[PDB]
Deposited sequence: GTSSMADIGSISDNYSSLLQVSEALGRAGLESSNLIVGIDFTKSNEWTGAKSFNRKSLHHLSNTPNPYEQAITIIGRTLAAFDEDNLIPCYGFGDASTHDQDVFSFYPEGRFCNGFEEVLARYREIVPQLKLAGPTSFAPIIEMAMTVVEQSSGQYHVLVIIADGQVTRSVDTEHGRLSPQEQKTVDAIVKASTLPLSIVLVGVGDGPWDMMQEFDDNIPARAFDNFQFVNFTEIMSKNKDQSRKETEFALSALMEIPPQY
């Protein structure tokens, strides 16, 4: 198995840390690791074993350079991060230059993972670290969903015929209704290829750190098919 990492850089990260991060942006850099740093770090400690070559494709999405249309690679060319040590380091280099934007769709990151799978038909797990706030639609002229939620669901459906599992690592306050829906209720799906894990909730419990980290890791891999 190999890992793929996508990181949400949309503007909603500015306010989804109201309760869980003392009204600082989830991407704020300072004396203490923000929830994205914490997740990258713990993923490195607990899930990195499930990447066979320890090379990690990392992508960002939803900043002003990509909006809801594209992703960007952490490194020029098709060059990958060497371990989650470098994932974290590169995140910290990149964050100060980014203008957080939107709208929010998972279509571009899921399409990028589909391309990674075809560059390999080997099994992959895509890990998206995100605040859960995909663009919502209040409008009957739009149709049922926002175009972002429609495109995202369509990408999740298209990916479900590939050897790919998706894991949403949720950081911040939520709400988590949309992620829980992607987790449990996408009907046109070939198989259940989306798992939601509430990282911020798990890490806030009164248990030993190492037990919290293990609870996170197993919750993350809980829907990975039997055959692995």
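The deposited chain is incompletely modelled, with C-alpha atoms absent over 1-32, 153.
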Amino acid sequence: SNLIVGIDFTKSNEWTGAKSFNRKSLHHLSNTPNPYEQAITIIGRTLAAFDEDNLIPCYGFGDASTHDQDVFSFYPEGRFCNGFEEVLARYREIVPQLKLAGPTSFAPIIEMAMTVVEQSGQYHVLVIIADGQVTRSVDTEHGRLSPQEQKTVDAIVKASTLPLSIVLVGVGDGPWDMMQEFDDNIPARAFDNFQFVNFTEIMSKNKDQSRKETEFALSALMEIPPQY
From here on, numbers count along this sequence of modelled residues.
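The question of which stretch, 85-93 or 125-133, has the higher mean Cα B factor is settled in favour of 85-93. Looking at 206-214 and 10-18 together, the entry lists the larger mean B-factor for 206-214, computed on C-alpha atoms.
Of the candidates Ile186, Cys58, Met178, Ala39, the one whose C-alpha carries the top B factor in the deposited record is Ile186. Of the candidates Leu29, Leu164, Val171, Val167, the PDB record gives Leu29 the highest C-alpha temperature factor. In the PDB entry, a CA B factor belonging to the highest third of its chain's modelled residues is recorded for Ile224. The deposited CA B-factor of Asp70 belongs to the middle third of values across its chain. Compared with the other modelled residues of the chain, the Cα B-factor recorded for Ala107 ranks in the middle third.
Among the modelled residues of its chain, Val138 has a C-alpha B-factor that falls in the highest third, as given in the PDB entry. For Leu145, the recorded CA temperature factor ranks within the highest third of the chain's modelled residues.
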